[PDB]
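Heads up, the chain below is alone and in the form deposited in one PDB entry; it's given as structure tokens.
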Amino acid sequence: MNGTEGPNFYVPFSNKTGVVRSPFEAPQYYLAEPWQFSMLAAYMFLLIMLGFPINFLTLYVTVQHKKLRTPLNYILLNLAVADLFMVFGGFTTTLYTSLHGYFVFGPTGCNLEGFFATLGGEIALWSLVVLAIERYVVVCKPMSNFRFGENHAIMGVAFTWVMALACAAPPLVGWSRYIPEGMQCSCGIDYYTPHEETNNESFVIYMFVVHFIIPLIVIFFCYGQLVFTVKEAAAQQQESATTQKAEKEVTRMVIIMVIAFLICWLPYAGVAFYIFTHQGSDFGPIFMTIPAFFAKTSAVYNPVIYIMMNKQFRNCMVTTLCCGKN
């Protein structure tokens, strides 16, 4: 007996000494010291201070620079909006609760925060997929007489919101549920508790397959091709130093992008899988926080990688920030 069950939640601490309380009703200072709640507040604060400017800046600079407003950029705009859902839905809420030491908004708040945070990171996730598809389509030209334009970009964005809803909506209404995670200050998808009234086991399998394996496969295929096409075109122009350079740059980028996706979701998927495999397991509140640390902090590193390492976006940002020019 390593936890304490409740109608709407699961505290990863044993109530044998009688001290465990509802994460909706009282401070959880028995599963982690107050300073650790503060450190949690500190990290949310960092994630807001960096996450907000980076992502808001992206939106804003696009409104101000025509050249950025191409169809192939729509998805990165989408990325930034997802990141903001995480910032205002997840990060700010967690900062507030962590300092109370429990999830003060009760179960319906737990649904709200869990939804918008989950919806955010999901849109972000599928955005990174759609992009890989779109890039591959544009570079490898797998369809004869096709030109990627506005309408497709819209489809890509919409597809992103549908795939996300297919994850974040079910728990609101019977298939899995939203319960406080880790240190009980923020709510996520119940992917660790055997709870059968809601059908957690089938949902976790659905998530693992449809929302992690499918995405991981599409990304590897799409970018595998992309790199192959680019490497092949350069072996056929070894006289252009430009072309050799672009090829190396495109390759380093893909490796960064792929590794970055793994860093972001492997822990959630990895932990989910272990807990599923090893039926009876005891993981603490801090351990169970690590998956969120990795995913959430991508609201910063994603736009650094996909937006700021881009030559164009960078220029406009500097212009917009320096009021005039240089």
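The numbering used is simple: start at 1 and walk along the sequence shown. The term rigid core refers to the maximal set of C-alpha atoms that superpose within 1.5 Å between the two forms.
Across the superposed structures in 4 other deposited structures of this protein, aligned by the core, the stretch whose Cα atoms lie more distant on average is 250-258, chosen from 250-258 and 165-173. Core superposition of the other structures onto this form places the C-alphas of 278-286 farther off in 4 other deposited structures of this protein than those of the other stretch among 278-286 and 23-31. Taking only CA atoms, the mean B-factor in the PDB entry is higher for 142-150 than for the other of 142-150 and 211-219. Averaged over Cα atoms, the B-factor as recorded in the entry is higher for 309-317 than for the other of 309-317 and 18-26. In the deposited coordinates, the residue among 38, 55, 281, 297 with the greatest CA B-factor is 281.
In this entry, the residue among 78, 244, 118, 97 with the greatest C-alpha B factor is 244. Looking at the C-alpha B-factors along this chain, the one for residue 44 belongs to the lowest third. The entry lists a Cα temperature factor for residue 6 that places it in the lowest third of the chain's modelled residues. When the modelled residues of the chain are ordered by their C-alpha B factor, residue 60 lands in the middle third. Among the modelled residues of its chain, residue 122 has a C-alpha B-factor that falls in the middle third, as given in the PDB entry. Residue-level temperature factors show residue 105 in the middle third of its chain, judged at the C-alpha atom.
A second form of this protein, the form deposited with a partner chain bound, is not displayed here; the remarks below concern that form.
None of 247-255, 182-190, 118-126, 77-85 except one has non-hydrogen atoms within 4.5 angstroms of the partner chain in the entry with it bound; the exception is 247-255. Heavy atoms of residue 312 reach within 4.5 Å of the partner chain in the entry with it bound, making it an interface residue. Interface residue remark: residue 135 is counted as part of the site for the partner chain in the entry with it bound, having a heavy atom within 4.5 Å. Although the partner is absent here, residue 153 sits far enough away that none of its heavy atoms falls within 4.5 Å of the partner chain in the entry with it bound. Taking the partner from the other structure, the partner chain in the entry with it bound has no heavy atom within 4.5 Å of any heavy atom of residue 157.
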